[PDB]
Structures are given as C-alpha cells and as structure tokens.
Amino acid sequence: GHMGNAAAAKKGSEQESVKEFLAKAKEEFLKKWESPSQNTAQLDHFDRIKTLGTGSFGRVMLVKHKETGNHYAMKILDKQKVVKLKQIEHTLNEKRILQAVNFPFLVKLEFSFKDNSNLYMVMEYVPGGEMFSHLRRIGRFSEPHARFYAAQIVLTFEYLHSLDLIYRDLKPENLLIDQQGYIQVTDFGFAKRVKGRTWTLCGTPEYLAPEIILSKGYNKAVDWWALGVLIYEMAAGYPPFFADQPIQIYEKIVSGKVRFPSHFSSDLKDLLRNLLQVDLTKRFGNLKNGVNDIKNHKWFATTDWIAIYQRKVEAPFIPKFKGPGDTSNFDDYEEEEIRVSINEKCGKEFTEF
C-alpha cells in the first residue's frame, strides 16, 4: 500500500479525532444558533477612523472602541439599501451565522447593533489586508505559500460543511491576512445551511462551479470547486477561467477543459484536475472519502493539518504591521458621513437583527 502500518494507523486516528472535534463543534454551533446575540453595543462606543472597503450594501470602517482602545472592522449596512437590493434574508443570515460559528480562520463578530437607518456588524480588525491585493502585488504565490493558505481553507470548509453550511463565495477578495499571516474568511452573505441541495444562482463568475452555471440543484461540492479555482489563482496569479464577459467565462467553466502554467507541479495539477472536475461523481470533496481525498492528496503531503489548525506553522508571508490601527494594507475609499435618520427605516424587516 501507499502507507505502512504506523502511517495508516496514525492517519486513521487523526481522521477519527477530527470527526470527534466536528461533532462537538456542531453541537456548540446549534446551541449558539438557537440562542443568538443581539444589541451588544452602540454607535457612539466607537470612533470611526477610515473606510477599509465598500460594497452595494454599505461600507466597512476601521473603528476604535472608545472604552478599551481596541480596533475593529465595523460593517455598516443601509437598511433601506439592503431592502431595495433584496438582501434582507442574506444579511440576517450572515449575522446569525457569524455569531454562531467558531473557527480560527473565521472572522469573529464582536458586537452587533442597529439604529434608525443602519445595521452594524463589528468584527475583529484583520490588519494585513485582502489576499487579493497581495496576490496581484506579488504576482503569484509559490506553491508552499499557496498551500499554506489552501490548507486553512480546507480546514475551514471541513468545519463549515460539518455544520451543513455551504460557503459559496470563496475568492481572494474575501480572504484577509491577519497579523500572524493566517487567513480570516469574511463575508457570509451567500452562506446557507444546506444538508442536501440548494438552487440559488449566486457567487462570483470566475469561482462558480459548473453545476451552478447549469442551474442544477447543487451541494457543498461547489465549495471544493471554488477551492480549486482559488488554489489555481493563488499559484498562477490568474484564475483558470477568465474572459471579457461572465457568459464567456461560464462557457469555459462548463467545458471540462483547464490549462495549467508550465511552472505548476504535477502534484498541484493532479489536485486541481480533481477539484476542477465538472463531473460531481468524480470531484474531490464530494466522494465517499469526503475531505480526506483532499487532505491526503500528494500536494498536501507536507501539510501538518493539526499544526495549521493550531496556528503553529510559521506563515510564509507576514504583512507589514506598524501598529494596531494601521490601515496601510487597505486601499483608500471616499469617506461618506454616517447619517442616522430620525425616522426608523425598515423596522419590521430587520426586527431580529
């Protein structure tokens, strides 16, 4: 066989130990999901320092909690905007998931509250910036560098999928680098509790699995496809399927064809062909062996999955950090004033927030 007796016994034991972990993690998540947090701070508890990012729903700002001096990232969502953008259920769901999950590579929600006009999700500040910016800046990550990040996504998806959460919006834009060089997954606006199948067309074109594009009822294997896209993009500097317009990207994705840079190792290419596998019955992460097909793949032979989870691996890259409020790793955004209307907007729609 590929493993001798000591290796196989060690590997099987480790696999049962993570099953034991996930079982306990699932119980703690459900208990938190049934009894969630609410109204745990207020706006004047924070100084607003700088906008770190923007989106259709609102803005994310670096804030400083006045009492403690601690910095946080405060996501501000315009309620009326959220309605018009038909994002009520996503936003409520994201906040509900964020307060219920617990994993070292998932951003932690520290406070949440609302006022007449806005919803506020106060998350840990992740000062290293988006993986996106570093990837485009460096050009591409070495395979060990890409592997270090990929390993954390694998563990994170293993965790989320054990909670029956499909993530569905993996991309470097969504992955922040913390001070130790580890990954923080943010943005759960498309995550959903799915034990079986789900049908929503959602995600980012380059990262859509074929079965999403083809309007099938799909499952958590779309996350493993997206992992393949992420690994490819991290290691190549560009994603496997690109084109001027999303429709042409989709034609490439469903085509079953993928080309690799010549500098890709064969181990890497083998993993990618098994993740970027259009046939759901052959895609890694979707077979009887589950995530173990990925974690035991030759490309991950050097990965100490436990050490990664415990964050005992020295990161290949540590972002420039010049203090707790440093925003140098984030781009600059036009600053809009936070106006809290006198009239409560959309009170019914966000009652549970």
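From 1 onward, residues are counted along the sequence shown. Only the largest set of C-alpha atoms that superpose within 1.5 Å between the two forms is called the rigid core.
Taking 294-302 and 55-63 in turn, the stretch whose Cα atoms are more displaced from the shown form in 8 other deposited structures of this protein following rigid core superposition is 55-63. Using the rigid core as the fitting frame, the root mean square C-alpha deviation in 8 other deposited structures of this protein is greater for 186-194 than for the other of 186-194 and 148-156. Averaged over Cα atoms, the B-factor as recorded in the entry is higher for 192-200 than for the other of 122-130 and 192-200.
A summary of the deposited B-factors shows that, of 59-67 and 302-310, the stretch with the larger mean C-alpha value is 59-67. Highest C-alpha temperature factor among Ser265, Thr281, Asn102, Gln184 per the entry: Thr281. Annotation for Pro261: C-alpha temperature factor in the middle third relative to the rest of the modelled chain, per the entry. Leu85: CA B factor lies in the highest third for its chain, per the PDB record. For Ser117, the recorded CA temperature factor ranks within the highest third of the chain's modelled residues.
For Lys79, the recorded CA temperature factor ranks within the highest third of the chain's modelled residues.
In the deposited entry, the Cα temperature factor of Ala315 sits in the middle third of values across the chain's modelled residues.
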